[PDB]
$ cat coords_16.cif   # mmCIF, N, CA and C atoms and all ligand atoms
data_protein
loop_
_atom_site.label_atom_id
_atom_site.label_comp_id
_atom_site.auth_asym_id
_atom_site.auth_seq_id
_atom_site.Cartn_x
_atom_site.Cartn_y
_atom_site.Cartn_z
N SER P 42 -20.44 40.53 8.55
CA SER P 42 -20.81 39.68 9.71
C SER P 42 -20.48 40.27 11.09
N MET P 43 -21.26 39.83 12.09
CA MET P 43 -21.00 40.12 13.49
C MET P 43 -19.79 39.30 13.98
N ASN P 44 -19.29 39.68 15.15
CA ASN P 44 -18.37 38.83 15.89
C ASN P 44 -19.14 37.63 16.45
N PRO P 45 -18.48 36.49 16.62
CA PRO P 45 -19.08 35.40 17.39
C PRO P 45 -19.15 35.76 18.86
N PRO P 46 -20.00 35.08 19.64
CA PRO P 46 -19.91 35.21 21.09
C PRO P 46 -18.56 34.73 21.57
N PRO P 47 -18.06 35.26 22.69
CA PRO P 47 -16.74 34.86 23.19
C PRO P 47 -16.81 33.45 23.76
N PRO P 48 -15.67 32.81 24.01
CA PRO P 48 -15.73 31.47 24.60
C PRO P 48 -16.37 31.52 25.97
N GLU P 49 -17.08 30.45 26.32
CA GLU P 49 -17.73 30.40 27.62
C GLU P 49 -16.71 30.52 28.75
N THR P 50 -17.10 31.19 29.85
CA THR P 50 -16.26 31.29 31.04
C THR P 50 -16.94 30.64 32.23
N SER P 51 -18.14 30.13 32.04
CA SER P 51 -18.80 29.31 33.04
C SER P 51 -19.72 28.37 32.28
N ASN P 52 -20.11 27.28 32.93
CA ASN P 52 -20.92 26.26 32.30
C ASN P 52 -21.56 25.46 33.42
N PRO P 53 -22.88 25.55 33.58
CA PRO P 53 -23.51 24.90 34.74
C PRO P 53 -23.47 23.39 34.68
N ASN P 54 -23.14 22.79 33.53
CA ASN P 54 -23.07 21.34 33.40
C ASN P 54 -21.66 20.79 33.57
N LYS P 55 -20.66 21.64 33.77
CA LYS P 55 -19.27 21.18 33.78
C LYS P 55 -18.71 21.19 35.19
N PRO P 56 -18.44 20.03 35.81
CA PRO P 56 -17.88 20.04 37.16
C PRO P 56 -16.60 20.84 37.25
N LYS P 57 -16.41 21.46 38.40
CA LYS P 57 -15.32 22.40 38.56
C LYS P 57 -14.66 22.27 39.93
N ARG P 58 -13.38 22.60 39.99
CA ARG P 58 -12.67 22.57 41.27
C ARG P 58 -11.48 23.52 41.23
N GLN P 59 -10.91 23.72 42.40
CA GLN P 59 -9.67 24.47 42.58
C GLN P 59 -8.58 23.48 42.98
N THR P 60 -7.41 23.57 42.35
CA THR P 60 -6.26 22.73 42.69
C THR P 60 -5.03 23.62 42.84
N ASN P 61 -3.97 23.08 43.47
CA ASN P 61 -2.76 23.88 43.64
C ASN P 61 -2.18 24.28 42.29
N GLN P 62 -2.23 23.37 41.32
CA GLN P 62 -1.68 23.66 40.00
C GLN P 62 -2.50 24.73 39.28
N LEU P 63 -3.83 24.68 39.39
CA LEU P 63 -4.63 25.73 38.78
C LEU P 63 -4.41 27.08 39.48
N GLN P 64 -4.24 27.06 40.82
CA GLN P 64 -3.94 28.30 41.53
C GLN P 64 -2.65 28.91 41.01
N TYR P 65 -1.63 28.07 40.78
CA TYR P 65 -0.37 28.54 40.22
C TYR P 65 -0.54 29.09 38.80
N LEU P 66 -1.39 28.45 37.99
CA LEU P 66 -1.63 28.99 36.65
C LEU P 66 -2.19 30.41 36.69
N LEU P 67 -3.00 30.73 37.71
CA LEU P 67 -3.57 32.08 37.81
C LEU P 67 -2.59 33.04 38.46
N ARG P 68 -2.05 32.68 39.63
CA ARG P 68 -1.28 33.61 40.44
C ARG P 68 0.15 33.83 39.94
N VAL P 69 0.72 32.88 39.20
CA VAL P 69 2.08 32.99 38.69
C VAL P 69 2.10 33.06 37.17
N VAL P 70 1.53 32.06 36.49
CA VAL P 70 1.69 31.98 35.03
C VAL P 70 0.92 33.10 34.33
N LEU P 71 -0.41 33.15 34.51
CA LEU P 71 -1.21 34.19 33.86
C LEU P 71 -0.76 35.58 34.29
N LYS P 72 -0.47 35.77 35.59
CA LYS P 72 -0.07 37.09 36.05
C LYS P 72 1.21 37.55 35.37
N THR P 73 2.18 36.66 35.23
CA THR P 73 3.44 37.02 34.59
C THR P 73 3.23 37.38 33.12
N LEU P 74 2.45 36.57 32.40
CA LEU P 74 2.22 36.88 30.98
C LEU P 74 1.40 38.15 30.83
N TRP P 75 0.44 38.39 31.74
CA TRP P 75 -0.48 39.51 31.55
C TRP P 75 0.25 40.85 31.62
N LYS P 76 1.34 40.89 32.39
CA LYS P 76 2.14 42.09 32.62
C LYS P 76 3.24 42.31 31.59
N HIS P 77 3.44 41.36 30.69
CA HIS P 77 4.49 41.47 29.69
C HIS P 77 4.15 42.55 28.68
N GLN P 78 5.19 43.16 28.11
CA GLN P 78 4.99 44.25 27.14
C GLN P 78 4.19 43.81 25.92
N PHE P 79 4.25 42.51 25.56
CA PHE P 79 3.55 41.99 24.39
C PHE P 79 2.16 41.39 24.71
N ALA P 80 1.66 41.54 25.95
CA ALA P 80 0.39 40.91 26.30
C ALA P 80 -0.82 41.53 25.61
N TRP P 81 -0.78 42.84 25.31
CA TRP P 81 -2.02 43.54 24.99
C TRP P 81 -2.83 42.96 23.83
N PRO P 82 -2.26 42.45 22.73
CA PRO P 82 -3.14 41.87 21.68
C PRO P 82 -3.87 40.64 22.12
N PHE P 83 -3.44 40.03 23.22
CA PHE P 83 -3.97 38.76 23.67
C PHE P 83 -4.84 38.90 24.90
N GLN P 84 -5.10 40.13 25.37
CA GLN P 84 -5.85 40.32 26.62
C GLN P 84 -7.37 40.28 26.43
N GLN P 85 -7.86 40.12 25.21
CA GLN P 85 -9.29 40.08 24.92
C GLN P 85 -9.51 39.33 23.60
N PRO P 86 -10.71 38.83 23.34
CA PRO P 86 -11.00 38.17 22.06
C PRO P 86 -10.68 39.08 20.87
N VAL P 87 -10.27 38.46 19.76
CA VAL P 87 -10.12 39.21 18.51
C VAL P 87 -11.44 39.84 18.13
N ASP P 88 -11.45 41.16 18.01
CA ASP P 88 -12.63 41.88 17.49
C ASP P 88 -12.41 42.02 15.99
N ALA P 89 -12.91 41.04 15.25
CA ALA P 89 -12.72 41.01 13.81
C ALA P 89 -13.44 42.15 13.12
N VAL P 90 -14.47 42.72 13.75
CA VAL P 90 -15.18 43.84 13.12
C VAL P 90 -14.32 45.10 13.18
N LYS P 91 -13.86 45.45 14.37
CA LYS P 91 -13.02 46.64 14.53
C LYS P 91 -11.69 46.52 13.78
N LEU P 92 -11.12 45.32 13.70
CA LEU P 92 -9.86 45.12 12.98
C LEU P 92 -10.03 44.92 11.48
N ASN P 93 -11.27 44.90 10.99
CA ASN P 93 -11.55 44.70 9.56
C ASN P 93 -10.92 43.41 9.04
N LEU P 94 -11.29 42.31 9.70
CA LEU P 94 -10.81 40.96 9.39
C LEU P 94 -12.02 40.06 9.13
N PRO P 95 -12.74 40.27 8.03
CA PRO P 95 -13.95 39.46 7.78
C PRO P 95 -13.69 37.97 7.68
N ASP P 96 -12.45 37.54 7.48
CA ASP P 96 -12.15 36.12 7.37
C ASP P 96 -11.55 35.52 8.63
N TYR P 97 -11.33 36.31 9.69
CA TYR P 97 -10.66 35.74 10.87
C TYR P 97 -11.43 34.54 11.43
N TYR P 98 -12.73 34.67 11.62
CA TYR P 98 -13.52 33.58 12.16
C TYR P 98 -14.06 32.62 11.09
N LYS P 99 -13.64 32.78 9.84
CA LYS P 99 -13.73 31.71 8.85
C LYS P 99 -12.53 30.79 8.92
N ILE P 100 -11.36 31.34 9.30
CA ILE P 100 -10.11 30.58 9.42
C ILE P 100 -9.92 30.01 10.83
N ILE P 101 -10.26 30.78 11.86
CA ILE P 101 -10.08 30.42 13.27
C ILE P 101 -11.44 30.03 13.84
N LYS P 102 -11.68 28.72 13.96
CA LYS P 102 -12.93 28.22 14.54
C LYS P 102 -12.82 27.82 15.99
N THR P 103 -11.63 27.84 16.59
CA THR P 103 -11.46 27.64 18.03
C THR P 103 -10.71 28.83 18.62
N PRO P 104 -11.35 29.99 18.72
CA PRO P 104 -10.68 31.17 19.29
C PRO P 104 -10.37 31.01 20.76
N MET P 105 -9.30 31.68 21.18
CA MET P 105 -8.96 31.76 22.60
C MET P 105 -8.05 32.96 22.85
N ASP P 106 -8.12 33.49 24.07
CA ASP P 106 -7.39 34.70 24.44
C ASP P 106 -7.17 34.66 25.95
N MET P 107 -6.24 35.50 26.44
CA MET P 107 -5.93 35.48 27.87
C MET P 107 -6.99 36.17 28.72
N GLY P 108 -7.85 37.02 28.15
CA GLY P 108 -8.95 37.53 28.95
C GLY P 108 -9.92 36.42 29.32
N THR P 109 -10.23 35.56 28.35
CA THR P 109 -11.06 34.39 28.60
C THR P 109 -10.40 33.45 29.60
N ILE P 110 -9.09 33.21 29.45
CA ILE P 110 -8.39 32.30 30.37
C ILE P 110 -8.41 32.87 31.79
N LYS P 111 -8.10 34.16 31.92
CA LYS P 111 -8.15 34.84 33.22
C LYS P 111 -9.50 34.65 33.89
N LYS P 112 -10.59 34.87 33.15
CA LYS P 112 -11.94 34.69 33.71
C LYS P 112 -12.20 33.24 34.08
N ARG P 113 -11.86 32.31 33.18
CA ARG P 113 -12.01 30.89 33.49
C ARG P 113 -11.32 30.55 34.80
N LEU P 114 -10.08 30.99 34.98
CA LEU P 114 -9.34 30.70 36.22
C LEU P 114 -10.02 31.34 37.43
N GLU P 115 -10.37 32.63 37.33
CA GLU P 115 -11.04 33.33 38.43
C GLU P 115 -12.37 32.68 38.79
N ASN P 116 -13.06 32.11 37.82
CA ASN P 116 -14.35 31.46 38.03
C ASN P 116 -14.24 30.00 38.45
N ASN P 117 -13.03 29.46 38.59
CA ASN P 117 -12.83 28.03 38.87
C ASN P 117 -13.55 27.13 37.85
N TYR P 118 -13.41 27.48 36.57
CA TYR P 118 -14.13 26.82 35.49
C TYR P 118 -13.58 25.43 35.18
N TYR P 119 -12.27 25.24 35.38
CA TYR P 119 -11.57 24.05 34.95
C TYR P 119 -11.69 22.94 35.99
N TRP P 120 -11.46 21.71 35.53
CA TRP P 120 -11.23 20.57 36.43
C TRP P 120 -9.76 20.24 36.55
N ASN P 121 -8.96 20.48 35.51
CA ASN P 121 -7.54 20.20 35.67
C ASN P 121 -6.65 21.19 34.92
N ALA P 122 -5.39 21.21 35.33
CA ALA P 122 -4.44 22.16 34.76
C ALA P 122 -4.20 21.92 33.26
N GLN P 123 -4.25 20.66 32.79
CA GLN P 123 -3.97 20.47 31.37
C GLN P 123 -5.03 21.12 30.50
N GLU P 124 -6.27 21.27 31.00
CA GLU P 124 -7.27 22.00 30.24
C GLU P 124 -6.84 23.44 30.01
N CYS P 125 -6.27 24.08 31.03
CA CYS P 125 -5.90 25.49 30.92
C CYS P 125 -4.65 25.66 30.06
N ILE P 126 -3.69 24.75 30.23
CA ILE P 126 -2.52 24.74 29.34
C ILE P 126 -2.96 24.63 27.89
N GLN P 127 -3.99 23.82 27.62
CA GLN P 127 -4.48 23.70 26.25
C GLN P 127 -5.05 25.02 25.75
N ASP P 128 -5.73 25.77 26.61
CA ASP P 128 -6.26 27.07 26.18
C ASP P 128 -5.13 28.02 25.75
N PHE P 129 -4.04 28.10 26.53
CA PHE P 129 -2.88 28.91 26.09
C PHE P 129 -2.35 28.43 24.73
N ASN P 130 -2.22 27.12 24.56
CA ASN P 130 -1.64 26.59 23.33
C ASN P 130 -2.56 26.82 22.14
N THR P 131 -3.87 26.80 22.37
CA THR P 131 -4.82 27.16 21.32
C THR P 131 -4.63 28.61 20.89
N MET P 132 -4.50 29.50 21.87
CA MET P 132 -4.29 30.92 21.59
C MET P 132 -3.03 31.14 20.75
N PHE P 133 -1.92 30.51 21.12
CA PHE P 133 -0.69 30.69 20.33
C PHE P 133 -0.87 30.12 18.93
N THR P 134 -1.41 28.90 18.83
CA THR P 134 -1.51 28.23 17.54
C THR P 134 -2.40 29.03 16.59
N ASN P 135 -3.48 29.61 17.12
CA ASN P 135 -4.34 30.46 16.29
C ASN P 135 -3.55 31.59 15.64
N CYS P 136 -2.71 32.26 16.42
CA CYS P 136 -1.87 33.33 15.89
C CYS P 136 -0.99 32.81 14.76
N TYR P 137 -0.39 31.62 14.96
CA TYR P 137 0.50 31.08 13.93
C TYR P 137 -0.26 30.66 12.67
N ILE P 138 -1.50 30.19 12.81
CA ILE P 138 -2.33 29.80 11.66
C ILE P 138 -2.71 31.01 10.81
N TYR P 139 -3.26 32.05 11.43
CA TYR P 139 -3.81 33.16 10.65
C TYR P 139 -2.71 34.01 10.04
N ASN P 140 -1.59 34.16 10.74
CA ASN P 140 -0.47 35.01 10.31
C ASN P 140 0.60 34.15 9.65
N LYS P 141 1.72 34.78 9.30
CA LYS P 141 2.81 34.10 8.62
C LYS P 141 4.09 34.17 9.44
N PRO P 142 5.01 33.22 9.22
CA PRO P 142 6.26 33.20 9.99
C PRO P 142 7.00 34.52 9.91
N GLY P 143 7.49 34.97 11.06
CA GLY P 143 8.25 36.23 11.10
C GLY P 143 7.41 37.49 11.16
N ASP P 144 6.07 37.38 11.07
CA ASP P 144 5.24 38.57 11.23
C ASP P 144 5.41 39.14 12.64
N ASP P 145 5.22 40.45 12.78
CA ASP P 145 5.34 41.11 14.09
C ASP P 145 4.56 40.37 15.18
N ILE P 146 3.29 40.08 14.94
CA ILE P 146 2.47 39.49 15.99
C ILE P 146 2.90 38.06 16.29
N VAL P 147 3.41 37.34 15.29
CA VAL P 147 3.93 36.01 15.54
C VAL P 147 5.17 36.06 16.44
N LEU P 148 6.08 37.03 16.21
CA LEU P 148 7.23 37.15 17.11
C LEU P 148 6.78 37.47 18.54
N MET P 149 5.70 38.26 18.67
CA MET P 149 5.15 38.60 19.99
C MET P 149 4.59 37.36 20.67
N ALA P 150 3.81 36.56 19.93
CA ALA P 150 3.29 35.31 20.50
C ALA P 150 4.42 34.34 20.86
N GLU P 151 5.45 34.26 20.01
CA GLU P 151 6.56 33.33 20.28
C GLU P 151 7.29 33.70 21.57
N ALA P 152 7.45 35.01 21.82
CA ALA P 152 8.07 35.45 23.07
C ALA P 152 7.20 35.11 24.28
N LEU P 153 5.88 35.32 24.18
CA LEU P 153 4.98 34.96 25.27
C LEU P 153 4.98 33.45 25.49
N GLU P 154 5.05 32.68 24.40
CA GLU P 154 5.02 31.22 24.54
C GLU P 154 6.28 30.73 25.25
N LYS P 155 7.45 31.30 24.91
CA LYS P 155 8.70 30.91 25.57
C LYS P 155 8.60 31.14 27.08
N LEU P 156 8.10 32.32 27.47
CA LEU P 156 7.93 32.66 28.87
C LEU P 156 6.88 31.77 29.53
N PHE P 157 5.78 31.49 28.83
CA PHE P 157 4.78 30.57 29.37
C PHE P 157 5.41 29.24 29.76
N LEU P 158 6.20 28.67 28.86
CA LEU P 158 6.77 27.35 29.13
C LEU P 158 7.76 27.42 30.27
N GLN P 159 8.54 28.52 30.36
CA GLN P 159 9.43 28.70 31.52
C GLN P 159 8.63 28.69 32.83
N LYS P 160 7.50 29.41 32.86
CA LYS P 160 6.75 29.51 34.12
C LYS P 160 6.12 28.17 34.47
N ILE P 161 5.63 27.43 33.47
CA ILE P 161 5.11 26.08 33.74
C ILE P 161 6.21 25.20 34.32
N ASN P 162 7.41 25.26 33.73
CA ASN P 162 8.53 24.43 34.20
C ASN P 162 8.92 24.75 35.63
N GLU P 163 8.65 25.98 36.09
CA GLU P 163 9.04 26.40 37.44
C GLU P 163 8.06 25.98 38.52
N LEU P 164 6.93 25.39 38.15
CA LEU P 164 5.92 24.95 39.13
C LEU P 164 6.57 24.04 40.18
N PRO P 165 6.56 24.40 41.47
CA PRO P 165 7.31 23.62 42.45
C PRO P 165 6.57 22.36 42.87
N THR P 166 7.33 21.33 43.23
CA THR P 166 6.70 20.05 43.58
C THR P 166 5.97 20.14 44.92
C1 LIG L 1 -7.66 46.31 21.66
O1 LIG L 1 -7.15 45.46 20.63
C2 LIG L 1 -6.26 45.95 19.71
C3 LIG L 1 -5.81 47.26 19.75
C4 LIG L 1 -4.91 47.71 18.79
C5 LIG L 1 -4.43 49.14 18.85
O2 LIG L 1 -4.45 49.82 17.84
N1 LIG L 1 -4.01 49.65 20.01
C6 LIG L 1 -3.67 51.06 20.16
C7 LIG L 1 -2.23 51.14 20.64
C8 LIG L 1 -2.04 50.38 21.95
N2 LIG L 1 -0.62 50.43 22.35
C9 LIG L 1 -0.28 51.78 22.82
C10 LIG L 1 1.20 51.83 23.20
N3 LIG L 1 1.48 50.85 24.27
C11 LIG L 1 2.91 50.88 24.59
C12 LIG L 1 1.11 49.50 23.81
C13 LIG L 1 -0.36 49.47 23.43
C14 LIG L 1 -2.46 48.93 21.71
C15 LIG L 1 -3.90 48.85 21.22
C16 LIG L 1 -4.46 46.85 17.78
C17 LIG L 1 -4.89 45.52 17.71
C18 LIG L 1 -5.78 45.03 18.65
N4 LIG L 1 -6.26 43.77 18.66
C19 LIG L 1 -5.60 42.68 18.22
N5 LIG L 1 -5.80 41.49 18.84
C20 LIG L 1 -5.19 40.37 18.45
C21 LIG L 1 -4.34 40.38 17.36
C22 LIG L 1 -4.12 41.69 16.70
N6 LIG L 1 -4.79 42.77 17.15
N7 LIG L 1 -3.33 41.88 15.57
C23 LIG L 1 -2.35 42.96 15.50
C24 LIG L 1 -1.20 42.59 14.58
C25 LIG L 1 0.02 43.28 15.17
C26 LIG L 1 -0.33 43.71 16.59
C27 LIG L 1 -1.75 43.22 16.87
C28 LIG L 1 -3.66 41.11 14.47
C29 LIG L 1 -3.94 41.77 13.28
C30 LIG L 1 -4.31 41.06 12.15
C31 LIG L 1 -4.43 39.68 12.19
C32 LIG L 1 -4.18 38.97 13.35
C33 LIG L 1 -3.81 39.63 14.52
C34 LIG L 1 -3.54 38.78 15.73
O3 LIG L 1 -3.15 37.65 15.51
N8 LIG L 1 -3.71 39.18 16.99
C35 LIG L 1 -3.27 38.36 18.11
#
$ encode --input "coords_16.cif" --output "structure tokens" --more "lines below"
Ligand SMILES: COc1cc(C(=O)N2CCC(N3CCN(C)CC3)CC2)ccc1Nc1ncc2c(n1)N(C1CCCC1)c1ccccc1C(=O)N2C
Amino acid sequence: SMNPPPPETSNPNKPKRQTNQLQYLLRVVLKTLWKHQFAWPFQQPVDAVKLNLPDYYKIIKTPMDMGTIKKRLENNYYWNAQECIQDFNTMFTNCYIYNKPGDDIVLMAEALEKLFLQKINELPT
């Protein structure tokens, strides 16, 4: 099988706006995670063909990655911050579903998730 198309990063039917919280998700949260030593597996959609994972998109039907999130934020795709937080949580949960506890990539996702939650908590009033 082919790869699926990547998640949409624009949608002409979906109202969109910029908010202070979404600006913070791009300029602080995404930027901090993107620069982390463990970011690289998450910077683009899973290429199941190149990785020889014919079952990845049989198991993972809601894919997400930080390249898609970065584009969504840059494109002002979202209406609210909780939508974008959900995209990060989908990305982490996918890793935990396909892999097993204690696997290398799971420890990498767990470290990024800890940092993600710290940066969200630091959002100033
Ligand atoms: C461009 O994408 C990749 C490149 C590579 C790769 O071989 N390289 C070459 C070495 C590069 N490093 C050079 C040294 N640098 C210090 C770090 C980068 C990193 C990219 C491996 C996996 C890649 N993709 C990938 N994406 C997502 C993965 C995953 N792999 N992995 C790998 C599992 C351990 C690390 C990533 C997965 C493999 C099987 C099942 C699931 C996963 C998974 O859950 N995720 C999140």
$ residues_near_ligand --input "coords_16.cif" --ligand "ligand LIG 1 (chain L)" --cutoff "7 Å" --atoms "all atoms listed in the file" --output "ChimeraX atom specification"
/P:78,81-88,92,135-137,139-140,145-147
$ write_last_selection --input "coords_16.cif" --atoms "N, CA and C atoms" --output "mmCIF file, in the coordinates of the input"
data_model
loop_
_atom_site.group_PDB
_atom_site.id
_atom_site.type_symbol
_atom_site.label_atom_id
_atom_site.label_comp_id
_atom_site.auth_asym_id
_atom_site.auth_seq_id
_atom_site.Cartn_x
_atom_site.Cartn_y
_atom_site.Cartn_z
ATOM 1 N N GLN P 78 5.190 43.160 28.110
ATOM 2 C CA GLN P 78 4.990 44.250 27.140
ATOM 3 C C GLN P 78 4.190 43.810 25.920
ATOM 4 N N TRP P 81 -0.780 42.840 25.310
ATOM 5 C CA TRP P 81 -2.020 43.540 24.990
ATOM 6 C C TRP P 81 -2.830 42.960 23.830
ATOM 7 N N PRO P 82 -2.260 42.450 22.730
ATOM 8 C CA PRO P 82 -3.140 41.870 21.680
ATOM 9 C C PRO P 82 -3.870 40.640 22.120
ATOM 10 N N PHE P 83 -3.440 40.030 23.220
ATOM 11 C CA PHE P 83 -3.970 38.760 23.670
ATOM 12 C C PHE P 83 -4.840 38.900 24.900
ATOM 13 N N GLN P 84 -5.100 40.130 25.370
ATOM 14 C CA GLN P 84 -5.850 40.320 26.620
ATOM 15 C C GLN P 84 -7.370 40.280 26.430
ATOM 16 N N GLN P 85 -7.860 40.120 25.210
ATOM 17 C CA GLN P 85 -9.290 40.080 24.920
ATOM 18 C C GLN P 85 -9.510 39.330 23.600
ATOM 19 N N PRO P 86 -10.710 38.830 23.340
ATOM 20 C CA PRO P 86 -11.000 38.170 22.060
ATOM 21 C C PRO P 86 -10.680 39.080 20.870
ATOM 22 N N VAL P 87 -10.270 38.460 19.760
ATOM 23 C CA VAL P 87 -10.120 39.210 18.510
ATOM 24 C C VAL P 87 -11.440 39.840 18.130
ATOM 25 N N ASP P 88 -11.450 41.160 18.010
ATOM 26 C CA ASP P 88 -12.630 41.880 17.490
ATOM 27 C C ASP P 88 -12.410 42.020 15.990
ATOM 28 N N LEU P 92 -11.120 45.320 13.700
ATOM 29 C CA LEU P 92 -9.860 45.120 12.980
ATOM 30 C C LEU P 92 -10.030 44.920 11.480
ATOM 31 N N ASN P 135 -3.480 29.610 17.120
ATOM 32 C CA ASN P 135 -4.340 30.460 16.290
ATOM 33 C C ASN P 135 -3.550 31.590 15.640
ATOM 34 N N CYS P 136 -2.710 32.260 16.420
ATOM 35 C CA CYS P 136 -1.870 33.330 15.890
ATOM 36 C C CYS P 136 -0.990 32.810 14.760
ATOM 37 N N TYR P 137 -0.390 31.620 14.960
ATOM 38 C CA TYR P 137 0.500 31.080 13.930
ATOM 39 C C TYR P 137 -0.260 30.660 12.670
ATOM 40 N N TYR P 139 -3.260 32.050 11.430
ATOM 41 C CA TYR P 139 -3.810 33.160 10.650
ATOM 42 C C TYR P 139 -2.710 34.010 10.040
ATOM 43 N N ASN P 140 -1.590 34.160 10.740
ATOM 44 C CA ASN P 140 -0.470 35.010 10.310
ATOM 45 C C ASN P 140 0.600 34.150 9.650
ATOM 46 N N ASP P 145 5.220 40.450 12.780
ATOM 47 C CA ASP P 145 5.340 41.110 14.090
ATOM 48 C C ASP P 145 4.560 40.370 15.180
ATOM 49 N N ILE P 146 3.290 40.080 14.940
ATOM 50 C CA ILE P 146 2.470 39.490 15.990
ATOM 51 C C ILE P 146 2.900 38.060 16.290
ATOM 52 N N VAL P 147 3.410 37.340 15.290
ATOM 53 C CA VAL P 147 3.930 36.010 15.540
ATOM 54 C C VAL P 147 5.170 36.060 16.440
#
$ axis_aligned_box --input "coords_16.cif" --around "segment 118-137 of chain P" --padding-each-side "8 Å" --output "lines of an AutoDock Vina configuration file"
center_x = -6.8
center_y = 26.8
center_z = 24.6
size_x = 30.6
size_y = 29.1
size_z = 39.9
$ residues_around --input "coords_16.cif" --residues "residue 98 of chain P" --least-positions-apart "5" --cutoff "8 Å" --atoms "only N, CA and C atoms" --output "PyMOL selection string"
chain P and resi 45+89+103-104
$ write_last_selection --input "coords_16.cif" --atoms "N, CA and C atoms" --output "PDB file, in the frame of the given file"
ATOM      1  N   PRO P  45     -18.480  36.490  16.620  1.00  0.00           N
ATOM      2  CA  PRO P  45     -19.080  35.400  17.390  1.00  0.00           C
ATOM      3  C   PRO P  45     -19.150  35.760  18.860  1.00  0.00           C
ATOM      4  N   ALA P  89     -12.910  41.040  15.250  1.00  0.00           N
ATOM      5  CA  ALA P  89     -12.720  41.010  13.810  1.00  0.00           C
ATOM      6  C   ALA P  89     -13.440  42.150  13.120  1.00  0.00           C
ATOM      7  N   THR P 103     -11.630  27.840  16.590  1.00  0.00           N
ATOM      8  CA  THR P 103     -11.460  27.640  18.030  1.00  0.00           C
ATOM      9  C   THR P 103     -10.710  28.830  18.620  1.00  0.00           C
ATOM     10  N   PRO P 104     -11.350  29.990  18.720  1.00  0.00           N
ATOM     11  CA  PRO P 104     -10.680  31.170  19.290  1.00  0.00           C
ATOM     12  C   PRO P 104     -10.370  31.010  20.760  1.00  0.00           C
TER      13      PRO P 104
END
$ atom_distance --input "coords_16.cif" --atom1 "atom CA of residue 93 of chain P" --atom2 "atom C of residue 42 of chain P"
10.1 Å
$ residues_around --input "coords_16.cif" --residues "segment 59-73 of chain P" --least-positions-apart "4" --cutoff "6 Å" --atoms "only N, CA and C atoms" --output "compact mmCIF listing (two decimals) with N, CA and C atoms, in the coordinates of the input"
# COMPACT_ATOMS: atom_id res chain seq x y z
N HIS P 77 3.44 41.36 30.69
CA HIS P 77 4.49 41.47 29.69
C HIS P 77 4.15 42.55 28.68
N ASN P 117 -13.03 29.46 38.59
CA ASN P 117 -12.83 28.03 38.87
C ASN P 117 -13.55 27.13 37.85
N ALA P 122 -5.39 21.21 35.33
CA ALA P 122 -4.44 22.16 34.76
C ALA P 122 -4.20 21.92 33.26
N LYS P 160 7.50 29.41 32.86
CA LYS P 160 6.75 29.51 34.12
C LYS P 160 6.12 28.17 34.47
$ select_by_dssp --input "coords_16.cif" --residues "segment 64-163 of chain P" --states "alpha helix (DSSP H)" --output "number ranges by chain"
P: 64-65, 72-75, 97-100, 107-115, 122-139, 145-162
$ closest_residue --input "coords_16.cif" --among "P:144, P:44, P:58, P:80" --to "residue 118 of chain P" --atoms "only C-alpha atoms"
P:58
$ atom_distance --input "coords_16.cif" --atom1 "atom C of residue 79 of chain P" --atom2 "atom N of residue 148 of chain P"
10.3 Å
$ closest_residue --input "coords_16.cif" --among "P:91, P:125, P:159, P:55" --to "residue 112 of chain P" --atoms "only C-alpha atoms"
P:125
$ closest_residue --input "coords_16.cif" --among "P:90, P:53, P:113, P:43" --to "residue 128 of chain P" --atoms "only C-alpha atoms"
P:113
$ atom_distance --input "coords_16.cif" --atom1 "atom C of residue 116 of chain P" --atom2 "atom C of residue 46 of chain P"
18.1 Å
$ closest_residue --input "coords_16.cif" --among "P:158, P:152, P:164, P:138" --to "residue 99 of chain P" --atoms "only C-alpha atoms"
P:138
